[PDB]
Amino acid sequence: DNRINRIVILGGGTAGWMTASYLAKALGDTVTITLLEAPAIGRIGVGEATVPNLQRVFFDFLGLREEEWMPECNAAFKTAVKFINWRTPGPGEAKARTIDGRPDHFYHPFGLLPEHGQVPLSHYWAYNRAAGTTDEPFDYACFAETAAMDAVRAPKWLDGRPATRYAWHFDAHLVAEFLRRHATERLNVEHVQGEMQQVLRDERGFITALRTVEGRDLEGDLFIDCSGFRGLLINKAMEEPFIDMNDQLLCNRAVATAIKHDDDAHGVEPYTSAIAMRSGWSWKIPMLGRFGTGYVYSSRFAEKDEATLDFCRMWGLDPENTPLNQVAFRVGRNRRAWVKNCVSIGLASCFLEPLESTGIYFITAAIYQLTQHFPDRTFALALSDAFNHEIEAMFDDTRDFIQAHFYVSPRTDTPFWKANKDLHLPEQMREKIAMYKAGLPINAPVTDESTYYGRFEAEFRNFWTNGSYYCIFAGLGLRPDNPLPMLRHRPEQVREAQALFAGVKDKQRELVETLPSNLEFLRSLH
């Protein structure tokens, strides 16, 4: 009899309660689950963005429909990330500057690009730009979602009819609270209030119990560290080193707040914005009646007061009379996410600036992979080693992807933007950029959207597809040196492919003209 009987989780934020809920649903009565609150510092709800797999991987597993959980956490919709002013110099401002007679913005939507002759639509767009017969931006040519988002449409018709692939904006504290109620009332997880006095270990350094300040020993076989940047178990108790990656991603601070919004004026933007600043970038996460916003910056390039004032100036806030969250970031990951019988999940495990909304996703993936590699009490090394490799490969892949946004940006007008070009580029990303310039697809999707979004593992093995690389590279002004050479041998395939551009144009009109506003759906939902 070697199976796990007791699990103890340290930390009661988003990571803690997502972990408690999922594992309790997965294991049922076979395991007792106990979560020790370890109270975190109370922050303004500054918003959080997600990716589509959240519903299928997580909420569907718990049996919770969006119609049920979204009203409980004031959730709203995300169709893309909108990048503002990453090509033009200037101050940190909310509005896009003008470049070549167009606003300086580009979108990074979800979903997979359609293909013709098994070549992605991106390559036909590149061919037409090279041929000089179009001057249309990549995102407006290849995604119908762009038109929807400019007209601030919902991603669905009011009666549930799907239109476009989407994810969510919400206040993470409300979600944690909703999940806490769910896990304790429905999944028989025991919530224990208070601080951890000490962590009890045996002769082999495995954890045997968490001792609470009232002297109670929370005994277990497996321990999940969800204590955030503190890493109270994985870093402090187990002495696992954290690998600082601030050398590669310079931003390490944020100043943030939530701002009340009059939605009747201009609606609710169904996308997360990432607004380029003098020494970093600011997020905007719109929900009904209010949006969350924060300036992510690098302390090597801006003073605290500088950032704070720039942030407030952009939103027209009085810096003296505005509640602000001032946060220092831990950028990087543990050498290993799982050590002995301690598994770190969430900020305890790793962190990147939220440029592409990876936070909740990293938790979800960690949770999912923990169940895929779930141990018994022998704790076979091959299980944790495999888990650690998947977590490491996931993190480093996205870290490199994020770095590319700053490296490929043409901006050089401040020391921050200029310093990004001086940073070492990882060999794998150097290769990707050279492939892209030669006209090759990068990580082309080989399945349809139904398979990709249907099976988590299909997406996990191909998370940043060709579409995403084109969104960012073409978005930032980088195009291939020449189109895919094989296309010059297939003119008939090229002539045929143009109908797909006509289809996107048709969808763009249809969506704008018949979809309800994001605002209207949110009011019907809430």
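Throughout, we count residues from 1 along the sequence that is shown.
Participant: Do at least a third of the other entries of this protein fail to model residue 43?
Facilitator: In at least a third of the comparable entries (those modelling both sides of it), residue 43 has no coordinates.
Participant: With reference to the PDB entry, specify whether the mean Cα temperature factor is higher for 201 to 209 or for 430 to 438.
Facilitator: Stretch with the higher mean C-alpha B-factor: 201 to 209.
Participant: Read off the CA B-factors in the entry, average them over 344 to 352 and over 126 to 134, and name the higher stretch.
Facilitator: Higher of the two, by average CA B-factor, is 126 to 134.
Participant: Hey, out of 313, 102, 333, 405, whose CA B-factor is highest in the deposited coordinates?
Facilitator: Among 313, 102, 333, 405, the highest C-alpha B-factor in the entry belongs to 102.
Participant: Please pick out which of 396, 318, 303, 150 has the largest Cα B-factor as recorded in the entry.
Facilitator: Out of 396, 318, 303, 150, the record gives the largest C-alpha B-factor to 318.
Participant: Going by the CA temperature factor in the PDB record, which third of the chain does residue 24 belong to: lowest, middle or highest?
Facilitator: Its C-alpha B-factor, which the entry lists for residue 24, ranks in the middle third among residues of this chain.
Participant: Using the B-factor values recorded in the entry, state whether the Cα atom of residue 498 falls in the lowest, middle or highest third among the modelled residues of its chain.
Facilitator: Its C-alpha B-factor, which the entry lists for residue 498, ranks in the highest third among residues of this chain.
Participant: Give the position of residue 146 by CA B-factor within its chain, expressed as the lowest, middle or highest third.
Facilitator: Residue 146: CA B-factor falls in the middle third of its chain.
Participant: Using the B-factor values recorded in the entry, state whether the Cα atom of residue 273 falls in the lowest, middle or highest third among the modelled residues of its chain.
Facilitator: Bottom third by C-alpha B-factor.
Participant: By the record's CA B-factor, is residue 446 among the lowest, middle or highest third of residues in the chain?
Facilitator: According to the entry, residue 446 has a C-alpha B-factor in the chain's highest third.
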